[PDB]
Structures are given as C-alpha cells and as structure tokens.
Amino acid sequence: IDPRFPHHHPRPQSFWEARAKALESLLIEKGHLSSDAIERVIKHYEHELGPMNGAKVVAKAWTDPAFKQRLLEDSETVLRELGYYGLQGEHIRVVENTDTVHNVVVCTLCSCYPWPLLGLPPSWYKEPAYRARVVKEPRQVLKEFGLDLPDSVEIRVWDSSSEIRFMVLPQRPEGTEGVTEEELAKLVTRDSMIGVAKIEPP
C-alpha cells in the first residue's frame, strides 16, 4: 500500500469477520455478553420475526372494514394492541394504497425498517441503488420491479429519516371473492408492504 493512497484499499471481508469474533471474545471475557444472549438475538431476528406479521394485518384490514378504519386512524395503538411492537417498531404508521395514490418506503440514510412487523429488510433495500434512486425516479425504480404505473397515479415516497416507521397497505386484488382471511394473508408479499409490488390476482 502506497501511503498516499490508503483510501483505495478496502478492508477485506475476512477483517470484518475477525473483528466480529474479537468483539464477541472480549465482550464475553469481560462479562458484558454471553453465548445465550447473542443466540437469543439471532433467533429473534432470523426466525421469530418476519413479514407474516404484516401480512396478517393486511388480510385483517381487507376482511374487516372497521379494523381497517381503526388501523389507518391510529395505527400505533392498533398495532401495539396486536402485539406487533418492539425494537425498531415503537412507532409504526400504515399508508394506504388507493387507485391513484401509490406509496413506496425507503431509508435513504441507512436501512430503517419496522422489524417487529415486517422482519428484516430486503437485501436491496439496504443498498445504494434503491436508496439513491427511489426518491428521485420512483417510476424507473418500480419498473425494475415489474410495476409500471400510469402517469396519472401519484407516487408518495416515504423516507424513514426518524424512528417513525412506515408499512404500505396494498389493495386487495380482484378475483378473491370467497377467499378466507387466512388464505388472503398468504397472498400478501413482503414487497407489497414496501410499495415495490402490487398483489397479483390469484
């Protein structure tokens, strides 16, 4: 490495791995962490949480108009009543897609996403391309996802710059007469709750 140009040389991924282990090592040796504390976190975010929680909320709003109205009038109270509350999900707002309004959620500054309701964010949600572009050219970005909105549909992009979080409530698709709440939940995609997809009719 030429010392004029240290900034050209990234840490290799082996470094981040080594540093993670060193942190773990030191913290456990000093009594700040435990093996089971670390495991408990991993279990929670890799397995316990997920987008099925949001799916259940969407399916309930599609089935129960009174619940939908309450959800949109005071989503924080409603969501907490349902138990979908916790770290990075203390203040969750729901934004309703309509025929002429399409909502898309981002965290331009990082990756903020309501873990208690939706689980972990998509890979792409955290990366520069989506974050940079969606605020400026959301129609172009949505076309990459297969969603090509008419010019007459208004797009509202919600940038998660505070600890307030946002879930999209997508519209129920056509062709779902007779489908139960439980079966409707199975139709709700993660991507529809971020605004990068509509729900396909089954």
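Sequential numbering from 1, following the sequence displayed.
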query: Higher-scoring stretch by recorded Cα B factor average, 63-71 or 152-160; finding: 63-71
query: Residue stretch of maximal mean CA temperature factor, 161-169 vs 143-151; finding: 143-151
query: Criterion, highest CA B-factor; candidates, 108, 77, 123, 100; finding: 77
query: Third assignment of residue 30 from its chain's C-alpha B-factors; finding: highest
query: CA B-factor placement of residue 82, once the chain's modelled residues are sorted into thirds; finding: highest
query: Chain-wide C-alpha B factor ranking for residue 46, given as lowest, middle or highest third; finding: lowest
query: Where the record places residue 179 (Cα B-factor, split into thirds across the chain); finding: highest
query: Ranked against its chain, the third holding the CA B-factor of residue 201; finding: highest
